Amino acid sequence: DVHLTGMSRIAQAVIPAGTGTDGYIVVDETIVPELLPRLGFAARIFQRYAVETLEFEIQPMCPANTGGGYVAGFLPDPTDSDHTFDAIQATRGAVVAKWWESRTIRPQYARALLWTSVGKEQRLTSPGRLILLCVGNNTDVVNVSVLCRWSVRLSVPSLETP
Amino acid sequence: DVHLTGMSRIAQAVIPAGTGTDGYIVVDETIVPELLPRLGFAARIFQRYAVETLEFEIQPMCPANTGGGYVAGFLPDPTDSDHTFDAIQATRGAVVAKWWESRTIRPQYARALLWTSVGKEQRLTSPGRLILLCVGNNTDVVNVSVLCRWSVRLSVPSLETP
Amino acid sequence: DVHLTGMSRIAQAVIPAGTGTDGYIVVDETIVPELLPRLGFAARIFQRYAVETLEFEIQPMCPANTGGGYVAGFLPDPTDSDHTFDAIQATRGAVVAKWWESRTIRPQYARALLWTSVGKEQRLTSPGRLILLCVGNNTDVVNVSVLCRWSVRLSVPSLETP
Amino acid sequence: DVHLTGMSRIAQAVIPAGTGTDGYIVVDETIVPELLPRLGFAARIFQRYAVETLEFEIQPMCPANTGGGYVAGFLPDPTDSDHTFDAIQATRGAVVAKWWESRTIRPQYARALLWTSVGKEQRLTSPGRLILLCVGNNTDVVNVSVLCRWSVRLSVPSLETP
Amino acid sequence: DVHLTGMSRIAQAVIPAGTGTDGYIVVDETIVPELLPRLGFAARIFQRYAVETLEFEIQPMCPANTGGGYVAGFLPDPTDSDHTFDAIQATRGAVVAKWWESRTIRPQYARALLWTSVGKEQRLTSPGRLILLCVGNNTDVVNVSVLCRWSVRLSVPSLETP
């Protein structure tokens, strides 16, 4: 029974000018233990993890003459069909800013007890998704690089071979 | 007897260059339960709602070379003729900023007990309006997207069919 | 015996490019009860007012490529000849910033007991002035819009006809 | 035995483009009672002053497309030969920023008991210097205007005639 | 047995346009007592130093039209082969920002008891490294100037001749 903390990049995308209109989904990746690089080498030990805190950052990178914008949130449904504006805006801990403006997400997690390995049902292995989509129309080349700030309490030891 | 919280976009407008001079009303929409998308599916249950807290944001989106400005407020008169600068400026919880500057409204609500359905008198169904108007003369394409942050205590159950 | 609060614009000026060099007085208006629009309809009732708190804002509006600057203060002498830099800088609660930078004045008032109507002596009807002057040389069109934040305790009822 | 407070500009310089490379000393003036305009008319009364607090600001004024930078500090040696980068950086309460970025110096004074009039030894009449030098290479016309925030306890009355 | 504090520049680099793509290591210097200029004249006295606090700043200097970015961290391995993105991101106290954005590192030191002089093993003379690398593609000439904020408790007197 341990307690791990850290900070990890989830994903990164670059968007040229003109491409990246409103509703263009910038990035969409679930919170599976494979993506976090310190926890990916620590979910290969234990079997069950239960998240205590989980916060995000967005940290986009563009000059101050682009002037579009984005929206970011957290959906605790690890489903496979959510491409819209309205569900991201209405969740708890959602932000909206410009492409040179950095915000901070403090979402509403599940506090259940999950499983580390992959399986047939996705609702017991990944406590949420992160969806990011543009809302204006970009002018220059932007560069988003989303982060994560996790803290978890792995238990019941094993050793997987993924 | 419940208590709901959330955060919801009210409205959104885009303004080209040249159009949008001083006193051009950018957006003007009352706080009716239809506009908030999580509360619109929850005012269809109950009958009476009484707001506890209600705060706003403006979050406009433009590059830093536009240089106009705006003013935002909250009028607890849900009337149908208010197109001026002076009444918005003089209320409680009014802001003024540039089009690339985001502020936060903490207004003075009514704390009465209202009704959810539409009716002949508007003073018992919507506790205020939101008026937003430009004060300078824009240079580039701006993009405002006002928000809301409501909290309410719906009671006496029913089921409407609007 | 009452207590009023609020927030009110005092004045507004626009300055083209080239005009508005150093020492050009941007705006200079005393704090008479006529200028505040909610208190102007409330000094017409009572006779004596004594200010409790009084704070200011500047809120200028220009793009981030102008690069001049300003200085703002508060002089509790309601005289009629003060056009200089040194007296504004040396008062209590003075600020200095750029034309796209907004500051906040917390001045040193008089806490005496004044009169509302106009009279032969100016030292009993207006507890200060607001002087604003440029210090650099502007590049683009700026737009200043000074504010006020007053709180006062009107007493001894009457009714004037100004 | 008194206690005076206030705020005063020390100096001001303007730097054209190209001139003002790295190590170009922008301004260098000691803290003599002559330079502060409210204390200059109050050091002409008393004889001995002992500083209680002393803080600075820099407040430079340029558009956001210049992109050089500066460094600022406080040296409690009122000597007459200090033209370098390393001694300013290594003191207590030193700052570094861009030419459109404003910082705040909270230095380490002497808390001795000095003399107001000029004399043969400089170490008993001025408790420090202020040196400001560029570190990049400017692009546009900048305009620095350093400030001061003094508080002192003049005593033993006299009257000088400087 | 003493306690020293201060603030010192570690290093400085300038990057032209085009050069300085992603993964280009901007600066990489260990925390040896030679680099800090006040502690370099104080490690020549004592023999053993044990750090109490150690924090960093980045303070980069460019106009707001460059729009690349960086990442900064602290590795308590004073090894000689670490040129990657992933190890810097995953440490404790790592930051990411734009080239006109300044952040602050609060790292995780070793709190052991080291030696001041150079030796055959590097793990007893320098409690960490500082690696800084670009993540976007620069547009204009940037100018980074990293800082340090150390506090240490030198003991057991000697005198080296390096």
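cryo-EM is the method the PDB entry lists for this structure, together with a resolution of 3.7 Å.

On to the relation of the copies chain B and chain C, then. Take chain B, turn it by 72°, move it 0.0 Å along the axis, and it overlays chain C with an RMSD of 0.0 Å. The transformation just described matches what one would write down for a five-fold rotation axis. Among all residues of chain B, the one whose C-alpha sits closest to the rotation axis is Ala-64 of chain B, at a distance of 5.3 Å. An overlap of only 18% is found between the interface residues of chain B and their copies at the interface of chain C, pointing to separate contact surfaces.

Time to look at the environment of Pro-63 of chain A. Positionally, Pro-63 of chain A belongs in the loop between β5 (51–57) and β6 (70–72). The sequence separation of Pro-63 of chain A and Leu-154 of chain A amounts to 91 residues, and the corresponding C-alpha distance is 41 Å. Once residues within four sequence positions are removed from consideration, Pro-63 of chain A is found in contact with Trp-100, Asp-140 and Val-141 of chain A together with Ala-64, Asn-65 and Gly-67 of chain E.

Let us look at the interface of chain E and chain D. Taken residue by residue, the interface counts 15 residues in chain E and 18 residues in chain D. Buried surface at the junction of chain E and chain D, both sides included, amounts to about 1300 Å², of which 53% is carbon and sulfur. Applying the counting rule to chain E against chain D returns zero salt bridges. Taken together, chain E and chain D are joined by three residue pairs in polar contact. Here the residues of the side of chain E that touches chain D sort into eight nonpolar, five polar and two charged.

Moving on to the sheet that holds strand β7 (residues 95–97) of chain B. All names here are of chain B. Pairing within the open sheet is antiparallel, and its four strands lie in the order β3-β9-β6-β7. Pairing within the sheet leaves two strands with one partner each, and these edge strands are β3 (25–30) and β7. With direction set aside, neighbouring strand axes in the sheet form an average angle of 10°. Direction of pairing for strand β6 (residues 70–72) relative to β7: antiparallel, over a ladder of three bridges. In the sheet register, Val-71 faces β7, and the bridge partner there is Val-96.

With that out of the way, let us pick up the sheet that holds strand β3 (residues 25–30) of chain C. One key point about sheets: their strands pair by backbone hydrogen bonds, in either a parallel or an antiparallel sense. Residues and elements named next belong to chain C. Judged by pairing direction, the sheet is antiparallel, and its four strands sit side by side in the order β3-β9-β6-β7 without closing on themselves. Both edges of this open sheet fall to β3 and β7 (95–97), since each of them pairs with a single strand only. When strand polarity is set aside, the average angle formed by the axes of neighbouring strands in this sheet is 10°. Alignment of strand β6 (residues 70–72) against strand β9 (residues 129–134), held across three bridges, turns out to be antiparallel. Pairing of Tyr-70 across the sheet is with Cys-134, part of β9.

Our next topic: the relation of the copies chain E and chain D. Each copy of the chain is related to the other by a rotation around an axis and a translation along that axis. Each copy of the sequence occupies a distinct position, and chain E is placed on chain D by a rotation of 72° and an axial shift of 0.0 Å, giving an RMSD of 0.0 Å. Residue by residue, only 20% of the interface of chain E is reproduced at the interface of chain D, so the copies engage with different surfaces.

The next point concerns the packing of aromatic side chains. In total, this model carries ten aromatic pairs over all chains according to the counting rule given. Ring geometry for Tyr-70 of chain B and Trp-99 of chain B: centres 5.4 Å apart, planes at 35°, overall tilted. In this pair, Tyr-70 of chain B sits in strand β6 while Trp-99 of chain B sits in the loop between β7 and β8 (104–105), placing the two residues 29 residues apart along the sequence. A relative accessible area of 0% places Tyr-70 of chain B in the buried class. Classification of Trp-99 of chain B as buried rests on a relative accessible area of 3%. Note that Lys-98 of chain C overlies the ring of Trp-100 of chain C, its terminal NZ or CZ placed 5.4 Å from the centroid.

Basis of the calculations
Residues numbered from 1 in each chain as written, not as in the entry; some residues may be left out. Chains lettered and ligands numbered in written order. Part of a larger assembly, values for the part shown. Heavy atoms only, no water. Least-squares fit on C-alpha atoms. Contact = heavy atoms within 4.5 Å. Helix = DSSP H or I, 4+ residues; strand = E, 2+ residues; numbered from the N terminus. Buried area = accessible area lost by both parts, 1.4 Å probe. Salt bridge = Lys/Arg side-chain N within 4 Å of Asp/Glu carboxyl O. Polar contact = N/O pair within 3.5 Å; in protein donor to acceptor, adjacent residues only side chain to side chain. Nonpolar A, V, L, I, M, F, W, Y, C, P; charged D, E, K, R; others polar. Pairing = 2+ DSSP bridges. Axes fitted to C-alpha atoms, helices over the stretch in contact; angles between N-to-C directions. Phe/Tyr/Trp six-rings, centres within 6.5 Å; stacked < 30°, edge-to-face > 60°. Buried < 20%, exposed > 50% of the residue type's maximum accessible area, 1.4 Å probe, protein only. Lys NZ or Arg CZ within 6 Å of the ring centre and 35° of its normal.

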